[PDB]
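Note sheet for the following structure.
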Amino acid sequence: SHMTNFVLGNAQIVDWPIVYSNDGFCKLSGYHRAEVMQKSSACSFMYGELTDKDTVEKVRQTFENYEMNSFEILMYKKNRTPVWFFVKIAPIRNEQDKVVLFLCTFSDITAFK
Numbered sequence: 691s692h693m694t695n696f697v698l699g700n701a702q703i704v705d706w707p708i709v710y711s712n713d714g715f716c717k718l719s720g721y722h723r724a725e726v727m728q729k730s731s732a733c734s735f736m737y738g739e740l741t742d743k744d745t746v747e748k749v750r751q752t753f754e755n756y757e758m759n760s761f762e763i764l765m766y767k768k769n770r771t772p773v774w775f776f777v778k779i780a781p782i783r784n785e786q787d788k789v790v791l792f793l794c795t796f797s798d799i800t801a802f803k
């Protein structure tokens with residue numbers, strides 16, 4: 691399922707703001723739900739020096755183009771600890787086939803990277 695840690699982003703507003711974050715994501719990221727809500731579901735609030743900038747660009751284009759893609763990406767927990775995440779980005783469509791949300795699912799792959 692990989693539903694341990696996830697957020698939902700609003701596909702129909704610029705920057706795809708997070709409209710839901712589960713307890714797992716808050717724990718994994720180090721950020722309280724209050725701090726995550728309305729941030730970009732691209733999670734650029736977690737990017738930093740070591741984050742691969744080509745990967746950041748591919749992640750942006752995935753949202754921009756309403757695509758389904760997944761990435762390994764070096765991000766930073768709230769306390770500045772660097773962590774390798776596996777991130778899956780998946781558009782969610784309504785019954786009229788319009789993309790309304792993005793489901794973004796995350797796991798820590800630091801141990802295996």
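Note that my numbering has the sequence shown beginning at 691, numbered continuously upward.
Here a beta-carbon is modelled for each residue, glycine too, at the ideal position from N, C-alpha and C.
| query | result |
| --- | --- |
| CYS716 to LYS778 span [Cα, whole Å] | 17 Å |
| Identity of the residues DSSP links to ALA780 by a beta bridge | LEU793 |
| Run of the alpha helix (DSSP H) containing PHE753, from where it starts to where it stops | 743-754 |
| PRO772 versus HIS692 - alpha carbon distance | 21 Å |
| Any 3 or more C-beta pairs closer than 8 Å across the stretch 739-750 and the stretch 711-725 | no |
| Start-to-end residues for the beta strand (DSSP E) that takes in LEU698 | 696-700 |
| For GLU762, the three-state DSSP class (helix, strand or coil) | strand |
| Per-residue burial, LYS788 [other beta carbons within 10 Å of its own, 16 or more giving buried] | exposed |
| One or two residues paired with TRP774 in a DSSP bridge | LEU764 |
| Alpha-carbon to alpha-carbon, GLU739 and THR745 | 13 Å |
| Validate contact between the stretch 697-708 and the stretch 721-734 using beta carbons, cut 8 Å, 3 pairs | yes |
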